[PDB]
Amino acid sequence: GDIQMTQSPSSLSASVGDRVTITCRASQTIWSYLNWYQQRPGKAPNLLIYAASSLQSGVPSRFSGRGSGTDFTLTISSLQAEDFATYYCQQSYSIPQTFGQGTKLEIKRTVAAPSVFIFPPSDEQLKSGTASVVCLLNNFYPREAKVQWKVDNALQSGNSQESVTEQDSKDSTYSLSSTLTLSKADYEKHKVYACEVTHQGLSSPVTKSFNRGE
């Protein structure tokens, strides 16, 4: 690069209906040569605003932009759930063209405790020599949760991994998976498989369990 674009804040949470304004500053003047993009998970950045204040065709009018020189802002007038995204500014004043580091906008919503599900390994996987036991925490908010594995009533460590979805574009919740991976031999040496879930919306932990072979 040469011109450095600095966005602020780096992240924020705001509720549906809130007025949101994010800031982009250039390390030297770029006059009017500033664009804003929205990037949803798994997708290319989508152009929102060009030349500081012009709204791109097809972009909802709740988006607006202001500024010139070194200081620019992007405003969403009344936030909607689908506005969850990372927002980038970018200068086209001179080569190399450079982007800000992004502002990650989370939609703040009311607390929702997870719905918990447990899945035994499939027969076909077991035939292949491995066992994956999956615990699903569905449609919860906020994102923080604790998932513990108990095998024959004994807490486990070291054989599990977690993944969390990006925030849902319609109900602003998260979902989380925890996968316990064993060899087929080890899976068949235990009876009870349990997933225990803690979340700020739960007065006490919730457990889902199954007995192998039932």
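Quick note: we count residues from 1 along the sequence shown, nothing fancier.
Between 90-98 and 69-77, point out the one with the higher average CA B-factor as the PDB entry records it. Stretch with the greater average CA B-factor: 69-77.
Looking at the deposited entry, does 138-146 or 121-129 carry the larger mean Cα B-factor? Mean C-alpha B-factor is greater for 121-129.
Hey, out of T29, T179, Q156, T165, whose CA B-factor is highest in the deposited coordinates? By C-alpha B-factor in the record, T29 ranks first.
What's the residue among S160, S64, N35, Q39 with the greatest CA temperature factor in the PDB record? Answer for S160, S64, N35, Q39: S64, with the highest C-alpha B-factor.
Using the temperature factors of the C-alpha atoms in this entry, rank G201 within its chain: lowest, middle or highest third. Within its chain, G201 is a lowest-third residue by C-alpha B-factor, going by the deposited values.
Comparing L12 with the other modelled residues of its chain, is its CA B-factor in the lowest, middle or highest third? Answer is highest: the recorded C-alpha B-factor places it there.
Within this chain's modelled residues, let me know which third the CA B factor of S169 belongs to: lowest, middle or highest. It falls in the top third of the chain.
Should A185 be placed in the lowest, middle or highest third of its chain by the C-alpha B factor in the entry? Lowest third.
Comparing against every modelled residue in the chain, figure out the third that the C-alpha B-factor of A194 lands in (lowest, middle or highest). Lowest third.
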